[PDB]
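# Report on the structure
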Amino acid sequence: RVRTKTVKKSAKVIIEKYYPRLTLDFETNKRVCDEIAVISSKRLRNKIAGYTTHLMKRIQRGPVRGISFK
Amino acid sequence: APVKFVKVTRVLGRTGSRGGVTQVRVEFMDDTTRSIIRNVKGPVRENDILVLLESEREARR
Amino acid sequence: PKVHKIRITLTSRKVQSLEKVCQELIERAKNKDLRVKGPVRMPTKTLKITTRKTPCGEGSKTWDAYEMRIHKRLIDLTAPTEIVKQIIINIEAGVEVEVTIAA
Amino acid sequence: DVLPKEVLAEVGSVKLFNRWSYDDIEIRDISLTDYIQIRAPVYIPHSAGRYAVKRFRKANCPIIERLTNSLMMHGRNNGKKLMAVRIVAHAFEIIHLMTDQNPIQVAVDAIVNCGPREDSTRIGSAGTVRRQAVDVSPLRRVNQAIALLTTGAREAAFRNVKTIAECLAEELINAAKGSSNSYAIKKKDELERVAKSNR
Amino acid sequence: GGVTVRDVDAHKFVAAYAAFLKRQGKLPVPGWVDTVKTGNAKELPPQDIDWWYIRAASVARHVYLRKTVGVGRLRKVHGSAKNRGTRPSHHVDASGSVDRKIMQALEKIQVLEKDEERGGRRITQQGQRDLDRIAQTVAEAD
Amino acid sequence: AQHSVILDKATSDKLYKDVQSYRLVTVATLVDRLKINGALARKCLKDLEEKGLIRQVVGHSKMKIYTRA
Amino acid sequence: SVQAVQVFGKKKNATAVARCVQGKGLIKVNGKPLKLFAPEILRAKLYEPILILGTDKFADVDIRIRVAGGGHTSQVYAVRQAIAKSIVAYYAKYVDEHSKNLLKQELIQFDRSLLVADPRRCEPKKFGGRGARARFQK
Amino acid sequence: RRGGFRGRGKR
RNA sequence: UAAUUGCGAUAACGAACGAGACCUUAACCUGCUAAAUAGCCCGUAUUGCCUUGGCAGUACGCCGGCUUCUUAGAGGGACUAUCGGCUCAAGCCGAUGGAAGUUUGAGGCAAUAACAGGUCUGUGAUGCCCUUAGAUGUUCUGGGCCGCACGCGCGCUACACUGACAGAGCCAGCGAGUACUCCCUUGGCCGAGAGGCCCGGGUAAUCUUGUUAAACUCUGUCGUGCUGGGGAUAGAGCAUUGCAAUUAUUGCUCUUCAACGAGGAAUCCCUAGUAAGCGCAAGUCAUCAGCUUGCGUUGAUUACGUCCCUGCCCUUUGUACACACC
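Rules and cut-offs
Residues numbered from 1 in each chain as written, not as in the entry; some residues may be left out. Chains lettered and ligands numbered in written order. Part of a larger assembly, values for the part shown. Heavy atoms only, no water. Residues with missing side-chain atoms left out of burial classes, pairs and counts. UniProt positions renumbered as here; feature names shortened; annotations may be inferred. Helix = DSSP H or I, 4+ residues; strand = E, 2+ residues; numbered from the N terminus. Rg over C-alpha atoms; globule rule 2.2 N^0.38 Å. Buried < 20%, exposed > 50% of the residue type's maximum accessible area, 1.4 Å probe, protein only. Contact = heavy atoms within 4.5 Å. Areas by Shrake-Rupley, 256 points an atom, 1.4 Å probe, with all protein chains shown as cover. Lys, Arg positive; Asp, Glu negative; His and termini not counted. Charge placed at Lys NZ, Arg CZ, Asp CG, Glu CD. Near = heavy atom within 4 Å. Polar contact = N/O pair within 3.5 Å; in protein donor to acceptor, adjacent residues only side chain to side chain. Nonpolar A, V, L, I, M, F, W, Y, C, P; charged D, E, K, R; others polar. Axes fitted to C-alpha atoms, helices over the stretch in contact; angles between N-to-C directions. Parallel < 35°, antiparallel > 145°, perpendicular 65-115°, else oblique. Left-handed = near helix turned anticlockwise from the far one by under 90°. Pairing = 2+ DSSP bridges.

By the method listed in its record, cryo-EM, this PDB entry was determined to a resolution of 3.1 Å.

As recorded by the PDB entry, chain G carries the name 40S ribosomal protein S16-like protein and is attributed to Thermochaetoides thermophila. In the PDB, the title recorded for this entry is "Chaetomium thermophilum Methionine Aminopeptidase 2 autoproteolysis product at the 80S ribosome". Under the heading Sequence similarities (unreviewed entry), UniProt records this for chain G: "Belongs to the universal ribosomal protein uS9 family."

The name the PDB entry assigns to chain E is 40S ribosomal protein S19-like protein, from the organism Thermochaetoides thermophila. Looking at chain E in UniProt, the text filed under Sequence similarities (unreviewed entry) is "Belongs to the eukaryotic ribosomal protein eS19 family."

Here it is, written out as structure tokens:
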């Protein structure tokens, strides 16, 4: 269960463009992504939502290299 | 024969030519100071209990 | 003007094209104040043919399974005889339709 | 009313088998508990469990279930579990009349006694055997004990006027004590004897 | 309380109807007994001497529970596997004559009648109530 | 190896004075020491049942077992 | 009006639909009572939901069940599943759940499979079930 | 009894 | 990490195939849209028994109500979510919840470079050579491809009592069906049996069809004897398919009653509804399945590993090999 580059690359750009619009809740983050992105599969959308909500959990305690938002 | 009872506290890798044999460190559960190394043939978990016929052979490594 | 309790049967290989045909036909009749009965769902009839891949018999033995599926979605209505002629117009390719007065 | 009068006899008392209760369990040794499961009673052995998914999930299973499955082997008896249950039930009746003790009293001590405590392992020696006489884990000991008991009954009843109901039954009473004239005991002591030589 | 056919065990019920029919002692027999195989799949005639009467009791029992039945359906109901030798076994049906005359002769006993409206044979007004009466002979026999 | 299909007075007397001490009586037991056939064993099995010397434990088309009274 | 609820239980290919109506304590399956419909040795696997719960809790309930499809042992597992689901569902809708929560906890503590089904079907393959044909010389 | 050819060396 | 799948280090930066993604299918929906070629409740008529107020069946309803079960559409659902323990990270182990937590299970498609692999006897795909009117073209009659001192492979039935035989009890699923000539077949009668005659339904969720299959369960006979286990071989008679049945097409009745007591050196397949046991449907078909392709019933022992044997991928290293350790 390792995520490939397409999921990870897409997750990086979403966080920096819309940082405040999505929060620690996985259910809410699922509905933010599909509104502001074009995904042709529900399963692909689910994986994208899973990674981005994990990233902000570790953002909450100290910044991480490779992430920059306004 | 003065048979002794021992208990497993930690498992240290799997030995043998074909992986059948496993190596464990046992505790005599009557004198907590002493501890030795033994060899076992079957599947072993922590807190398992083994019966030892002789307590002077030990094992390599 | 005598009602005859018509029944219409449909057949096609596609599934999306057939469904929207029935969706508009029920609306074409509902607005006309006609008592309409639901679009029943007849069983899909799947037929398959299996044959061996190689044409000569050498090497390993491997087979493949072709498939084909058909759906019906037949519909019936209570209406006079002349009105139904103008209600079944403008049909597209693929779907076959058969009309039965069922008098 | 809705139930037969037979089952009304046991409903007042504690739940148990058709005749016998799983109370008053032996106090004889250690290291064999936690792998023979009697805390949860079962009416009939038959059950569609999930015991073949993990490593030790089958360790938490009634012993009668373990015994019943091993009784059906050798090609002809595949999937005929209903026939096996009939044989098992009758065998518990035979041992009860020949010994006032509980049938589970016979079954438990029989299994715990016919399990080898040492065995020789195969380490390559370029055509020879450097049998190191390793120890045996408790889980394998109970697994092999069930196989030894059942294979003895299948051997005896083959082409014999006797029936499997008591051929299996007579082994259990023999294996309850040090009878030494049973099939299981003959193989168990033989395996331990050769292991001692290769120490 | 009241009892019916479904309220009694099938094995003892058919045996009871064979015992009850001893006292009336009126069932036609066409002389086929003691010679017939009762089926092509078989090799020896049935052991019990009064097999013609036990079979009729069971046959009339299921027709009480089934709505329409003919000779063809009963031919394969009583069929079984056949040992063809060294070839794999198959399924073959029972004899036609055994089941046809055992219920044609049973027609005149006023137990069940024809069903020409759709086919087969159905149970009669007074025929069904007779098999109900013997249920209490078994139910309270306990 | 071969057993006896008929039961004589030399074998009849063994039954009514010896079966009073068995803990279990089965089809195998009769074939064991009286050296008689199984078919004869079944005939003697039911006839002595009603005489009130043995009682049934479990009944089946396959096996019969009896004990003391 | 009349109190009734419908539940169903499934197995490999055995469907057991049941309707529980407020009655007097009568249970019959496929018309016949529980005395008949089972193999003689398999009759034991039908009564467990009764003894663990008690006969006093079936005072005024009537259940009739029709089951078809599958095999002999598959059907008896389906009907025993409908009984467990029927008895707990009727009380939940119409009476206080102090029983229901006590019914649910006790029923699954003895056996979880009484309330949930086991998903198992077969897999098609081009060699048999899962094994291939014999090889000539490896 | 005795086979030649293929890859074999010494003893 | 199942993976050139990633975290990262960096004389490299940015990209293209393969993997993944994806598609079909098996598991979940008391929520939506619904249904007399699918069901239930209800209402009439009606039957038996207790009689109660009941229980179990029949026939009808076509706007009486409804869609849990059946059916096929639109969507929802799992993402490793939450918790505890390691780690900077990617990740791994256990638990709880849950229909489902190995990529959830099983499949389809599937890169570069290659083989003197198979096929001219599938093709009106094809070069060249050969024969073309005493024809290697076509057509009709008959035979052979099945012929048997012997070696080898894929299967079928058994060596029995955990069995055979006899009565009774009685449970599936995937599919197929009428022409310019009859294709699956209900019912009635005759018939030891296989079969025969006469009405009738279905171009098919409507009829065959609930395909009430087999194993299995209950009650009996035989009694360890290669015997009522086993059915090879061979005699006589009665039938169907076809223009034609002998070197028997197949089927039915009586009689004949061989070898075979778990199998040497060697050797194949397989991890959960899986092995094995048992049967059913389809293909080829006027008739013949011990074969294959699919379908369902019953349902286990043991491991949760390693490189010891037979092989595969990457790095360092050696070479007198390059047709490459034959």
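On we go.
Each helix and strand in chain G was counted, giving three helices and five strands. Mapped in sequence order, the helices and strands of chain G form the string β-β-β-β-α-β-α-α. Whereas a compact globule of 138 residues would reach a radius of gyration of roughly 14 Å, chain G reaches 19 Å, over 25% beyond that. For chain G, the C-alpha atoms occupy an extent of roughly 75 × 30 × 30 Å along the three principal directions. Every one of the 138 residues in chain G was classed for burial, and the buried ones make up 36%. Long-range pairs, those at least 24 residues apart, make up 72% of the contacts in chain G between residues at least 6 apart in sequence. When the accessible surface of chain G is totalled, it reaches about 8,900 Å², and 53% of it is carbon and sulfur. Treating the 27 positive side-chain charges of chain G as one cloud and the 11 negative ones as another, the clouds have centres 14 Å apart.

All right, on to the arrangement of the chains then. Ranking by contact count across six pairs of chains in contact places chains B and D at the top. Taking C-alpha atoms only, the smallest gap left between chain A and chain H, which are not in contact, amounts to 47 Å. Nothing in chain C touches chain H; the tightest C-alpha to C-alpha distance between them is still 28 Å.

With that settled, the discussion passes to the protein's contact with RNA strand I. Around RNA strand I, the surrounding shell holds 174 residues, and the nearest of these are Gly79(D), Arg6(E), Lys42(E), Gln125(E) and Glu40(G). Within the contact set of RNA strand I, a base oxygen lies 3.4 Å away from a side-chain nitrogen or oxygen of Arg18(B). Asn77(D) places a side-chain nitrogen or oxygen 3.2 Å from a base oxygen of RNA strand I. When residues of the surface near RNA strand I are assigned to their parent elements, the largest contribution, nine residues, is made by helix α3 (residues 42–59) of chain A. Along the lines of polarity and charge, the residues of the surface near RNA strand I split into 38 nonpolar, 61 polar and 75 charged.

Another point: the packing of helix α5 (residues 138–157) of chain D against helix α6 (residues 164–176) of chain D. All names here are of chain D. For the pair α5 and α6, the least separation of the axes is 9 Å and the interaxial angle reads 135°. As summarised for this structure, α5 and α6 are arranged oblique, according to the angle between their axes. α6 is crossed by α5, and the crossing has right-handed handedness. On α6, the residues touching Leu149, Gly152, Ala153 and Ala157 of α5 are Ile164, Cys167, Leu168, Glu171 and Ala175. Residues of the contact of α5 with α6, tallied by class, amount to seven nonpolar, one polar and one charged.

So, about the pairing of strand β5 (residues 61–68) of chain G. Residues and elements named next belong to chain G. Where strand β2 (residues 15–22) and β5 come together, eight bridges link them in antiparallel fashion. The residue bridging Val21 from the neighbouring strand is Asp62, located in β5. Where strand β3 (residues 27–29) meets β5, three bridges bridge the pair, whose relative direction is parallel. When the bridges of β5 are listed, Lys28 appears paired with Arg64.

Residue and element names in this part refer to chain D. One non-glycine residue, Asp34, lies in the positive phi region at around 70°. As for its position among the elements, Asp34 is in the loop between α1 (5–12) and α2 (63–71). For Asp34, a relative accessible area of 58% translates into the label exposed.

Let us now look at the UniProt feature "binding site: Mg(2+)" (unreviewed entry) in chain G. According to UniProt, the feature "binding site: Mg(2+)" (unreviewed entry) maps to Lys125(G) in the numbering used here. Within the secondary structure, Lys125(G) sits in the segment after α3 (98–110).

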